[PDB]
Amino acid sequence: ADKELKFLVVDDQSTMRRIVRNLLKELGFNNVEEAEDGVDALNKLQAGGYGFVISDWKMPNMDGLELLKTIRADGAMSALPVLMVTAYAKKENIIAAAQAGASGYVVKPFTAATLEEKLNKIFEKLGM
């Protein structure tokens, strides 16, 4: 993928945003911005130019499933890749996120190799 691809990393725990940002930096992606919940995320996304979203689920103000549904329903961003990265591991959560249009899903705790693989799986799927 294009190393200037602009990522939005969304999680309500600063520790996880930091992990994801650093993993992206290792992979060669330095154009990375953070958001703390779905509302903060949508404000950032309205500024434009984003190419990929990595998102948590359990967050205040607007949770990640609602963020994913908002993105998918909005004509300005409906094709934005969205990777869910969440501690929710139950199959009903996976099914609900998948059905809502998640580009991929990673269960916390996750390894560096898992995130790279799942990112690459999405890049390949979308011809990026």
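The first residue of the shown sequence is 1; numbering continues from there.
Across the two stretches, 4-12 and 119-127, the PDB entry reports the greater mean Cα temperature factor for 119-127. For the segment pair 74-82 and 56-64, the entry gives 74-82 the higher mean B-factor, averaged over Cα atoms. The deposited CA B-factor of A113 belongs to the highest third of values across its chain.
Ranked by C-alpha B-factor against the other modelled residues of its chain, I95 falls in the middle third.
Sorting the modelled residues of the chain by their CA temperature factor places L27 in the highest third.
Sorting the modelled residues of the chain by their CA temperature factor places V39 in the middle third.
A47 sits in the highest third of its chain by CA B factor, as recorded in the PDB entry.
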